[PDB]
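Participant: Fold the stuff below for me.
(chains A, B and C, ligands or ions: 11)
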Amino acid sequence: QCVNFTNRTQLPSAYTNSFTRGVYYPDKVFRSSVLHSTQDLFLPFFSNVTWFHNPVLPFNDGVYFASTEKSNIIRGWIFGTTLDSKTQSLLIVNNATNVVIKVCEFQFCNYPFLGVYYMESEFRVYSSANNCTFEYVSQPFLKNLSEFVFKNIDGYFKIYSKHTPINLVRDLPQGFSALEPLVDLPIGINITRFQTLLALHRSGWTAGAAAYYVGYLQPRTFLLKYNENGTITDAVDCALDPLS
Amino acid sequence: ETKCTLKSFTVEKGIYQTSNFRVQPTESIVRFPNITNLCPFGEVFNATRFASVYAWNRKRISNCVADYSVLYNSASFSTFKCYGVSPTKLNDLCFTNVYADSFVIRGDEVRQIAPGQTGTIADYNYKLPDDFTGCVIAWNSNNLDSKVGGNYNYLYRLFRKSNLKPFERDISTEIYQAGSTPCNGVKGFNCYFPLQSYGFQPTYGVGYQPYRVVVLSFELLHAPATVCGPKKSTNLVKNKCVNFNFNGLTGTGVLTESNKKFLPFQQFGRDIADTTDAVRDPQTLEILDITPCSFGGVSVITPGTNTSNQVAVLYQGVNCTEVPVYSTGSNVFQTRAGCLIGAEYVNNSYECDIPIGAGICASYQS
Amino acid sequence: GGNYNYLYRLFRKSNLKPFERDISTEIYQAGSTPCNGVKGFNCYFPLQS
Ligand SMILES: *[C@@H]1O[C@H](CO)[C@@H](O[C@@H]2O[C@H](CO)[C@@H](O)[C@H](O)[C@H]2NC(C)=O)[C@H](O)[C@H]1NC(C)=O
Ligand SMILES: *[C@@H]1O[C@H](CO)[C@@H](O[C@@H]2O[C@H](CO)[C@@H](O)[C@H](O)[C@H]2NC(C)=O)[C@H](O)[C@H]1NC(C)=O
Ligand SMILES: *[C@@H]1O[C@H](CO)[C@@H](O[C@@H]2O[C@H](CO)[C@@H](O)[C@H](O)[C@H]2NC(C)=O)[C@H](O)[C@H]1NC(C)=O
Ligand SMILES: *[C@@H]1O[C@H](CO)[C@@H](O[C@@H]2O[C@H](CO)[C@@H](O)[C@H](O)[C@H]2NC(C)=O)[C@H](O)[C@H]1NC(C)=O
Ligand SMILES: *[C@@H]1O[C@H](CO)[C@@H](O[C@@H]2O[C@H](CO)[C@@H](O)[C@H](O)[C@H]2NC(C)=O)[C@H](O)[C@H]1NC(C)=O
Ligand SMILES: *[C@@H]1O[C@H](CO)[C@@H](O)[C@H](O)[C@H]1NC(C)=O
Ligand SMILES: *[C@@H]1O[C@H](CO)[C@@H](O)[C@H](O)[C@H]1NC(C)=O
Ligand SMILES: *[C@@H]1O[C@H](CO)[C@@H](O)[C@H](O)[C@H]1NC(C)=O
Ligand SMILES: *[C@@H]1O[C@H](CO)[C@@H](O)[C@H](O)[C@H]1NC(C)=O
Ligand SMILES: *[C@@H]1O[C@H](CO)[C@@H](O)[C@H](O)[C@H]1NC(C)=O
Ligand SMILES: *[C@@H]1O[C@H](CO)[C@@H](O)[C@H](O)[C@H]1NC(C)=O
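Facilitator: Residues are numbered from 1 along each chain as shown, chains lettered A, B, ... in the order given. Ligands and ions are numbered 1, 2, ... in the order given. Below is the structure in question.
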């Protein structure tokens, strides 16, 4: 089950403002009504984030992935370097029952996708796999705004997530919401590029309204405010302008 | 003590500081996660059947807790030899992943399974590196594998042109060509089948009976280590200055109940200047509070050597509940500066001679 | 034929203090089961030639 297509899926990748989103808890400590300055990898304030209406995208240090999700179309993720059996690969799927994480050497198709049959049962993302190393099954992740942060430090893969009810039409809202840690994985891969998995309706494929936002991280110093309950309520980027 | 610190045989009227004291810890407590996800050793050491020696069964072990204590303490193992590390210290040090090689060989072929060994199995069936690290366990299986009619299910290689590299398996059934006459896959004058089947029987003596052997190897890849023994834990105590090792975080103090509200993903809090203030016990998931058990300096009030030889003792900023020959002494008094012993409190009001603090001071009358 | 007069200790309960001498030739219990002064499983003579 590996066929190409004819309609070259090309999307108008525009640019937009990053605003003040993408702040996550860096450590597992508790602090009450304090101001703590920390140096780490973050998304710089008022940056330039790419909007997509499935091209290959570099991973760099880390990736911020946001989706104004409606009807949970986005399903999976693919990470790796050579994207084949030559090198280790990471694969993430999210069906209606569980999230599945695989660390193995697959042979991905040119246009991998989940596919649904119209009681959904279809899986043709890759062709062959062997020497599969790490496996994981957990609770499913998914009109809402879903933000995810993916990092890889010291042979450890960190995934942070947050969901927010939103009502704005088009762009990212002007507000603040900290990101809580979701999962850690003690695995070693040299991830440098990543993809996105789309859920097309196989009954002809009809999946075009897949719009999301992608941004990159950089190292810098932030100042975080902890309220009495230990929830981050505000942040300041130190290296932005003289006032900051 | 005052004379020793002041280095004189006479002491004038006043108050002096001699030394300090602190409450000593009583006992130690360790608390670790609830312990689960044991490595599946039962399916290997108690398997229904074992693979042949030239086709030894290889198993991968990663991401689990492995209890070597039960294996070491089991008396059903005839041979238990650990070369790289001591069997006792297995539960302490650990690595990233383990390989288990299981097979069945003869009783007399046991010592071939060691670094720097030679033999039919040691060269054409299973090769071990000289720098091999791990353990080898061998036990009897005569009651099961041996058959009265002869168990021919186990085969082994004898003829091969070259030896085997360490941790290499060869299962090819090519007809060996000992002589110079080529064979088109047929035995004959100088062509023989490299595989021979064992004839294990219950009537066979010691050294001929089937022997089940499992070799454990621990590999050292740069990936983080995940597989080793359970971490010993113990019950907790409260309201006693003790030293604790909560999930690798070590500290000395007294533990009390706290009403702080964490979030479901933190593990331990702090207040300022990187000072830990509250911890969460892994086994119960309860928020506790840590307070450094009391300490402070001591002081002596004396009216001068030339006047008398009785002194009063003041412990600074210490609640008069854990003072300890001066455990009782005279009527013990409590001041905002600490606890004072050896002197009596009165309701009068005089001038101040030897200042003490918090607005009160003492003098000589007792 | 080999000099077997020189023997060295290999098993002990703990380390040696500086300039300490130990000469007791007692069996060593290498396992949970006590040896009770009898050589056997998890019981080895600490001196090797
Ligand atoms: C899965 O792992 C095995 C074991 O490492 C790989 O087998 C090796 O394949 C290479 C191919 O060039 C050979 O040169 C080696 O001799 C093989 N070693 C063994 C022990 O069989 C296998 O290739 C891996 N799978 C994939 C798709 O790469
Ligand atoms: C911080 O935690 C406190 C403690 O629960 C929260 O106070 C409660 O909040 C709920 C939600 O509105 C109310 O129903 C309760 O009546 C509150 N109780 C008290 C004693 O205040 C508080 O809302 C949390 N957040 C902040 C910003 O303080
Ligand atoms: C293989 O099976 C034997 C037989 O049950 C196990 O030996 C028993 O282990 C239990 C542990 O729960 C002890 O309580 C028994 O006293 C043991 N009996 C005997 C006769 O040894 C052995 O532990 C099993 N090994 C593995 C790796 O699963
Ligand atoms: C940790 O394992 C222990 C082993 O049973 C459990 O902790 C308590 O178990 C008893 C009986 O099973 C329950 O009545 C208690 O409510 C348990 N305590 C807690 C805090 O849950 C339990 O299986 C495990 N508990 C945790 C928190 O992991
Ligand atoms: C010294 O410690 C004792 C107990 O350790 C304190 O007595 C407690 O005082 C508080 C408040 O005064 C009461 O709520 C408790 O009920 C008391 N407990 C006992 C057992 O008496 C005592 O107050 C401390 N000393 C000082 C000067 O505060
Ligand atoms: C991103 O950059 C482009 C040109 O580099 C610019 O036109 C666009 O306004 C930027 N987006 C912002 C500042 O949000
Ligand atoms: C989701 O995937 C898991 C593992 O891939 C599978 O066990 C489960 O049955 C799947 N659920 C559905 C509804 O297909
Ligand atoms: C949006 O997120 C909220 C918060 O978890 C959840 O209650 C709600 O069901 C979500 N709605 C959708 C459509 O995903
Ligand atoms: C990543 O690449 C470096 C150098 O290219 C190499 O040393 C390391 O072993 C690689 N690790 C993984 C997990 O691919
Ligand atoms: C101590 O007092 C006595 C009388 O009060 C006096 O004679 C003596 O000199 C005093 N000691 C010293 C060292 O001055
Ligand atoms: C001082 O007076 C108070 C109040 O009359 C009394 O409680 C206390 O016992 C008196 N102290 C002494 C040493 O008599």
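
Participant: from the middle of its chain, how far away would stretch A:221-229 be?
Facilitator: 24 Å (Cα atoms, centre = their mean, to the nearest Å).

Participant: List the buried residues of it.
Facilitator: When burial is assessed from 16 or more other Cβ atoms under 10 Å in any protein chain shown, stretch A:221-229 yields the following buried residues: A:222, A:224, A:226. C-beta: built from backbone N, CA, C; applies to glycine.

Participant: so who does residue 16 touch?
Facilitator: Unless you meant another one, I'm taking chain A. A:48, A:49, A:51, A:171, A:172, A:213 (Cβ atoms under 8 Å, 6 or more residues apart in numbering or on different chains).

Participant: right idea, wrong chain: chain B
Facilitator: B:2, B:5, B:6, B:299, B:300, B:302.

Participant: 6 Å instead?
Facilitator: Shown in contact with residue B:16 (Cβ atoms under 6 Å, 6 or more residues apart in numbering or on different chains): B:2, B:300.

Participant: is it true that it lies in a strand?
Facilitator: Yes: using DSSP: H, G, I helix; E, B strand; the rest coil, the assignment for residue B:16 is a strand.

Participant: Across the sheet, point out what pairs with residue B:38.
Facilitator: According to DSSP bridges, the residues that bridge with residue B:38 are residue B:65.

Participant: Tell me how many other residues crowd it.
Facilitator: Residues lying near residue B:38 (other Cβ atoms under 10 Å in any protein chain shown) number 12.

Participant: who in chain A is up against chain B?
Facilitator: Contact residues (Cβ under 6 Å from any Cβ of the partner chain) of chain A with chain B: A:28, A:29, A:30, A:155, A:181, A:186, A:188, A:230.

Participant: Can you select the buried ones among those for me in ChimeraX?
Facilitator: In ChimeraX, this line selects whichever of those come out buried by 16+ other Cβ under 10 Å:
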select /A:29,30,181,188,230
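
Participant: can you list the residues of chain A next to chain B in a markdown table and add distance to residue A:117?
Facilitator: As requested, those are exported to a markdown table (distance: Cβ to Cβ, whole Å):
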| residue | distance to residue A:117 |
| --- | --- |
| A:28 | 42 |
| A:29 | 48 |
| A:30 | 48 |
| A:155 | 39 |
| A:181 | 36 |
| A:186 | 36 |
| A:188 | 36 |
| A:230 | 46 |
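
Participant: for the residues of chain A next to chain B, which one is nearest residue B:168?
Facilitator: Of all those, residue A:188 has the smallest distance to residue B:168: 25.3 Å, by Cβ to Cβ.

Participant: that older thread, now render the buried residues of stretch A:221-229 as TSV, adding secondary structure and distance to residue A:39.
Facilitator: TSV is the format used below for the buried residues of stretch A:221-229 (DSSP: H, G, I helix; E, B strand; the rest coil; distance: Cβ to Cβ, whole Å):
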residue	secondary structure	distance to residue A:39
A:222	strand	8
A:224	strand	12
A:226	strand	17
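
Participant: Now distance to residue B:242 too, for those residues, in JSON lines please.
Facilitator: Listed next are the buried residues of stretch A:221-229 as JSON lines, based on distance: Cβ to Cβ, whole Å:
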{"residue": "A:222", "distance to residue B:242": "38"}
{"residue": "A:224", "distance to residue B:242": "34"}
{"residue": "A:226", "distance to residue B:242": "30"}
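
Participant: quick one on the thing from earlier: which two in the residues of chain A next to chain B are spaced the farthest apart?
Facilitator: That would be A:188 and A:230, which, of the residues of chain A next to chain B, are the farthest apart (Cβ to Cβ) at 32.3 Å.

Participant: most residues in a single strand of chain A, which one?
Facilitator: Assignment by DSSP state E gives strand A:126-138 as the longest strand of chain A.

Participant: Compute the distance between residue A:230 and ligand 11, please.
Facilitator: 48 Å (Cβ to the nearest ligand atom, to the nearest Å).

Participant: wait, does the longest strand of chain A contact ligand 1?
Facilitator: Yes: counting by Cβ under 6 Å from any ligand atom, ligand 1 has neighbours in strand A:126-138: A:130, A:131.

Participant: right, and the helix or strand after that strand?
Facilitator: Using DSSP states H and E, the helix or strand that follows strand A:126-138 in sequence is strand A:144-153.

Participant: In terms of secondary structure, what does that next one contact?
Facilitator: strand A:62-69, strand A:156-165 (3 or more Cβ pairs under 6 Å, 6 or more residues apart in numbering or on different chains; DSSP states H and E).

Participant: partners of the next helix or strand after the last one in the sheet?
Facilitator: Per DSSP H and E, strand A:156-165 leads on to strand A:180-185 as the next helix or strand towards the C-terminus. Using DSSP bridges, the strands paired with strand A:180-185 in its sheet are strand A:156-165 (antiparallel).

Participant: Tell me what angle the partner strand forms with strand A:126-138.
Facilitator: In terms of direction (axes from the mean of the first three to the mean of the last three Cα atoms, to 10 degrees), strand A:156-165 departs from strand A:126-138 by 70 degrees.

Participant: about what we covered before: considering only the residues of chain A next to chain B, which also neighbour ligand 5?
Facilitator: Okay, of the residues of chain A next to chain B, nothing touches ligand 5 (Cβ under 6 Å from any ligand atom).

Participant: No further questions, thank you.
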